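>>> The data below comprise the sequence and an experimental structure of the protein.
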Amino acid sequence: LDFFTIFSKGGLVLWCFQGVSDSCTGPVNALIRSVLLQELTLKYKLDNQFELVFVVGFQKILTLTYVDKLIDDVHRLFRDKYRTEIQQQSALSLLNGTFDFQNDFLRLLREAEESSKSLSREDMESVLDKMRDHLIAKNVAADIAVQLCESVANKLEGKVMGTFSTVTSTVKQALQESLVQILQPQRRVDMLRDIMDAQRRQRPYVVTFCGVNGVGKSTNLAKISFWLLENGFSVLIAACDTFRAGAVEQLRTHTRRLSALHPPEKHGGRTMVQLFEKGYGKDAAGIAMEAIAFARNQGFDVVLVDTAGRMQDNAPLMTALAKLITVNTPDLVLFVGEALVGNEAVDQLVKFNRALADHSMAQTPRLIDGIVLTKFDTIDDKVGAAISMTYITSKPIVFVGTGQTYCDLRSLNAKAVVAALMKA
Amino acid sequence: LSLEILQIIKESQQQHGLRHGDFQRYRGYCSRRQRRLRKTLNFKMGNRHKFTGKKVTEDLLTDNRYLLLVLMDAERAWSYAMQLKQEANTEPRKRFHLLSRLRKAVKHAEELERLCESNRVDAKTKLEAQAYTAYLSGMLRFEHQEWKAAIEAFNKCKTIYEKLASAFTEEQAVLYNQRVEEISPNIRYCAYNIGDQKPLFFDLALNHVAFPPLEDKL
RNA sequence: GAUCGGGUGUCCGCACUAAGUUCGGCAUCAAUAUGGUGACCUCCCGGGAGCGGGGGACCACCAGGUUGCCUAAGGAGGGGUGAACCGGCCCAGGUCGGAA
Ligand SMILES: Nc1nc2c(ncn2[C@@H]2O[C@H](COP(=O)(O)OP(=O)(O)NP(=O)(O)O)[C@@H](O)[C@H]2O)c(=O)[nH]1
Ligand SMILES: [Mg+2]
């Protein structure tokens, strides 16, 4: 154990250890991996009763059994010796308490280096099983509904319940809060403001639509082409789907239908929707690079790159797709996944994001930047495909397709999707 | 001439599994890497029904390409031992098989450091191979579970890799200083347990062609 | 800004590479501490037999605790046959010993 910090959940360092040698090295990266990213090996132990976190830094992962016994005795001596300072609601009990735990830890560390030489989980057991069987039947991935349920027996273990609460309604509630915060990815988006920033180098805005076969990449690409034209934007559809029959005439019917609603006469006199196509059988990274150089020269604010649908287990073809998105450097990689897929929503995005970073040759690789959740009008409340997607990926559901026309494109109501999923 | 061994291993692991912790996939990419380096360059060890020892001699080291063959033997036996460290948490006998792959990963890297001692290789790959040996000897004597023999070949690997940084440009020193910083966390743990007892080029000299000051001429 | 330098990537029965796509061949080490199994050899001791009590010797396989003058790699993996007499075991009937 080279490191040990104990702070509260309100972000207040109570006590820290870094050895007599220098001091206080890496207490912030310790907090980040251990509390920030969970809602030298850097692990943690949570006291959820009194809102404490016990972050430790060690090597030789095989000594994890004695490092866990040292966090358990330090956690038992800390919450007993300072039970008065940590049990009060006021943050002025911890600001005014004196946590001189250095001589108690040096004794628990030197003594654990000789061994090397309320709400329990039994109560919350039955309701975490009825909630896991409700998420799975409401189309949350089978294992996403298992980690979700265990994030809640952890969060409420030790904690006292309200004046009017049961075992059932507590794990049922903190599972809704751990589900809205994970369906709240660490990302945001914008509009014309974002193409003014793409004009800081005088270049268009290139979005890449990727995904598995039949989800709605081409049809929702046309709902977003109608949504960009509605905001006054000219969009050049790059037809890089050269692995199918009628993949260019599908996009040419979308360009004929969109250059009818938004013609040059009703736009100022200039072309606003135009298809860039090179036929079938051509390279999809060569038609895409020609359409970015063509939209720059012909003045198209947006390029919407349509790619062919593929599986998730194709080493010679997820190589060519991951190399396309790595090299083309698109502004927003939009994974298109249907709201009808079940447990495959996890395997699609994990292999789609693992490919984009493997066959990438950068330091920080270009990963999927969002999700388009299509066929939303087909599940009717079996909505757990939105949770399975923003769970594994910490990327937002940029659009939610709700039909086949251009007007069936919605923003995500992520609050009522967890309220429908956590109500059983 | 040159070989960036550290850049070779780091971008082959992040691309073939080790970003998500797949040592079984990284070793299989290492074995297919070596088979296809052997089938292309016609450097097969055995023929059908017989085996002959592969000896990478000094004459074939001009290619700047056969050092990657022995390195893919060092990275294959290293990747197998790290996978056997995850399977030894539930099968503690797997540790005996782990330590037999790490003694032959330093032996390939000690035979690959002796090959780089040739005069046909620059002053960059002799020393990337010298201290890739001293890094695998500090990880084997760290898995010996002796904390003292672990900081002896880690402070040796740190002092070698730092002697290589100071000798060249601070831009090429970045690779050798990235590897002293790469093995520096392991040195703080063994010191805690000893004392326990054509590119685009612009012709910017055409913008310098201008008139002399014509104030004295009026 | 007329011709146009100066230079590339589309066209090839092409040149060399070697993340994958696919089916085969060959091949796959050894020593220790502990216990176990199966056989076999050689002594005592009791009995009217089938048998019962005990002392050693040797062989193979086996479990799992340390290991190597061990590998190009050598798991203490998973299975199946174990029969027309040759693994062990539980062995109906039958059968041999017995008054039983
Ligand atoms: N009901 C409904 N249907 C949708 C939605 N999004 C797409 N679809 C339908 O799903 C079908 C698939 O269309 P398409 O756009 O070609 O999907 P794709 O992913 O491009 N297929 P490919 O792999 O061949 O490129 C179409 O019939 C389309 O209308 C949606 O939100 N709701
Ligand atoms: Mg398509």
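Good, I have the coordinates. Numbers count the residues shown, from 1 in each chain, chains lettered A, B, ... in the order given. Ligands and ions are numbered 1, 2, ... in the order given.
>>> Can you tell me the closest non-neighbouring residue to residue B:154?
Nearest residue to residue B:154, sequence neighbours excluded (Cβ to Cβ, 6 or more residues apart in numbering or on different chains): residue B:138, at 4.1 Å. Just so you know, the C-beta spots here come from the backbone N, C-alpha and C atoms, and that holds for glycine as well.
>>> what helix or strand does that neighbour sit in?
Per DSSP states H and E: residue B:138 is located in helix B:125-143.
>>> outside of that helix, which residues touch it?
The list of residues contacting helix B:125-143 from outside it, by Cβ atoms under 8 Å, 6 or more residues apart in numbering or on different chains, reads A:60, B:1-6, B:67, B:74, B:78, B:98-99, B:102-103, B:105-106, B:109-110, B:112-113, B:115-117, B:149-154, B:156-157, B:160-161, B:164, B:176, B:179, B:183, B:186, B:190.
>>> Of those residues, which qualify as buried by neighbour count?
Neighbour counting over the contacts of helix B:125-143 (16 or more other Cβ atoms under 10 Å in any protein chain shown) leaves A:60, B:3, B:5-6, B:67, B:74, B:78, B:98, B:102, B:105-106, B:109-110, B:112-113, B:115-116, B:149-154, B:156-157, B:160-161, B:164, B:176, B:179, B:183, B:186, B:190 as the buried ones.
>>> From RNA strand C, how far out is residue B:48?
Distance of residue B:48 to RNA strand C, computed by Cβ to the nearest atom of the strand, to the nearest Å: 6 Å.
>>> The residue nearest to residue B:154: how many residues sit nearby?
Residue B:138 has 25 neighbouring residues, counting by other Cβ atoms under 10 Å in any protein chain shown.
>>> Look up how far residue B:131 lies from it.
Counting by Cβ to Cβ, to the nearest Å, the separation of residue B:138 from residue B:131 is 10 Å.
>>> How about residue B:77?
18 Å.
>>> So these two - more neighbours on which side?
residue B:131 (27 against 22).
>>> nearest spatial neighbour of the more buried one, skipping sequence neighbours?
If the residues on either side of it in the chain are set aside, residue B:131 comes closest to residue B:160, at 4.0 Å by Cβ to Cβ, 6+ apart.
>>> can I assume the one you found sits in a helix?
Yes: counting by DSSP: H, G, I helix; E, B strand; the rest coil, residue B:160 is found in a helix.
>>> ok, it - contacts?
Neighbour list for residue B:160: B:127, B:130, B:131, B:134 [criterion: Cβ under 8 Å, 6+ apart].
>>> for residue B:165, same thing?
So residue B:165 contacts B:173, B:174, B:176, B:177, B:180 (Cβ under 8 Å, 6+ apart).
>>> Tell me which entries of those residues lie within helices.
Among these, DSSP state H puts B:173, B:174, B:176, B:177, B:180 in helices.
>>> For residue A:222, the count of nearby residues, please.
Neighbours of residue A:222 under the rule other Cβ under 10 Å: 27.
>>> doesn't residue A:406 make contact with it?
Yes: between residue A:222 and residue A:406 there is a contact under Cβ atoms under 8 Å: 6.3 Å.
>>> Now for these two: what residues contact both?
Residues touching both residue A:222 and residue A:406 (Cβ under 8 Å, 6+ apart): residue A:258.
>>> Return the residues in contact with the residue in the stretch 201-350 of chain A positioned nearest to ligand 2.
Ranked by Cβ to the ion, the top residue of the stretch 201-350 of chain A for proximity to ligand 2 is residue A:218, at 3.9 Å. When the contact criterion is Cβ under 8 Å, 6+ apart, the partners of residue A:218 are A:209, A:241, A:247, A:250, A:251, A:254, A:306.
>>> Alongside RNA strand C, which residues does chain A contribute?
Counting by Cβ under 7 Å from any atom of the strand, the positions of chain A adjacent to RNA strand C are A:315, A:316, A:319.
>>> List the single closest residue to residue A:375 in space, sequence neighbours excluded.
Residue A:375 sits nearest to residue A:338 (Cβ to Cβ, 6+ apart), 4.3 Å away.
>>> and that neighbour, how many neighbours?
Around residue A:338 there are 22 residues (other Cβ under 10 Å).
>>> any idea how far residue B:200 is from it?
According to Cβ to Cβ, residue A:338 stands 44 Å off from residue B:200.
>>> And the contacts of the helix or strand encompassing residue A:354?
Counting by DSSP H and E, the element that carries residue A:354 is helix A:344-358. With Cβ under 8 Å, 6+ apart as the test, helix A:344-358 has contacts from A:141, A:143-144, A:210-212, A:312-313, A:318-319, A:321-322, A:325-326, A:333, A:335, A:337, A:341, A:365-368, A:371, A:385, A:388-389, A:391-393, B:14-16, B:19-20.
>>> same check, this time on stretch A:408-419
A:176, A:179-180, A:183-184, A:220, A:223-224, A:226-227, A:373, A:376-377, A:383, A:386-387, A:390, A:396-397, A:399-402.
>>> filter these to the buried ones?
Buried members of the contacts of stretch A:408-419, counted by 16+ other Cβ under 10 Å: A:176, A:179-180, A:183, A:220, A:223-224, A:226-227, A:373, A:376, A:383, A:386-387, A:390, A:396-397, A:399-402.
>>> From these, which land in helices?
Secondary structure defined by DSSP H assigns A:176, A:179, A:180, A:220, A:223, A:224, A:226, A:227, A:386, A:387, A:390 of the buried ones among the contacts of stretch A:408-419 to helices.
>>> could the residues you listed be laid out in a markdown table, adding distance to ligand 1?
Shown next, in a markdown table, are those (distance: Cβ to the nearest ligand atom, whole Å):
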| residue | distance to ligand 1 |
| --- | --- |
| A:176 | 26 |
| A:179 | 23 |
| A:180 | 23 |
| A:220 | 5 |
| A:223 | 8 |
| A:224 | 12 |
| A:226 | 14 |
| A:227 | 14 |
| A:386 | 13 |
| A:387 | 18 |
| A:390 | 17 |
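>>> Now do the contacts for residue 178.
Just going to use chain A. Residue A:178 makes contact with A:39, A:148, A:151, A:152, A:155, according to Cβ under 8 Å, 6+ apart.
>>> ah, no, chain B please
Residues in contact with residue B:178 (Cβ under 8 Å, 6+ apart) are residue B:6.
>>> and it, how far is that from residue A:57?
Residue B:178 sits at a distance of 21 Å from residue A:57 (criterion: Cβ to Cβ).
>>> just checking, what's the longest helix in the chain?
Picking chain A for this. Criterion DSSP H: the longest helix present in chain A is helix A:64-81.
>>> hmm, I had chain B in mind actually
Chain B, longest helix under DSSP H: helix B:94-116.
>>> could you say what helices and strands that helix packs with?
helix B:67-87, helix B:125-143 (3 or more Cβ pairs under 8 Å, 6 or more residues apart in numbering or on different chains; DSSP states H and E).
>>> same thing but 10 Å
helix B:5-15, helix B:67-87, helix B:125-143 (3 or more Cβ pairs under 10 Å, 6 or more residues apart in numbering or on different chains; DSSP states H and E).
>>> Out of the ones you listed, which one sits most buried?
Mean neighbour count (mean count of other Cβ atoms under 10 Å in any protein chain shown) peaks for helix B:125-143 among the helices and strands packed on helix B:94-116, with a mean of 23.
>>> which element is residue A:162 on?
Residue A:162 belongs to no helix or strand, assigned by DSSP H and E.
>>> That one: how many residues sit nearby?
Considering only other Cβ under 10 Å, residue A:162 is surrounded by 9 other residues.
>>> could you list every residue that touches it?
A:169, A:170, A:173 (Cβ atoms under 10 Å, 6 or more residues apart in numbering or on different chains).
>>> Give me the phi and psi for it.
For residue A:162, the backbone dihedrals (degrees, to the nearest 10) come out as phi -70, psi -180.
>>> How about the residue of chain B found nearest ligand 2: what's its closest non-neighbour residue?
Of all residues in chain B, residue B:15 sits closest to ligand 2, at 27.4 Å by Cβ to the ion. Spatial nearest neighbour of residue B:15, excluding adjacent residues (Cβ to Cβ, 6+ apart): residue A:358 at 4.7 Å.
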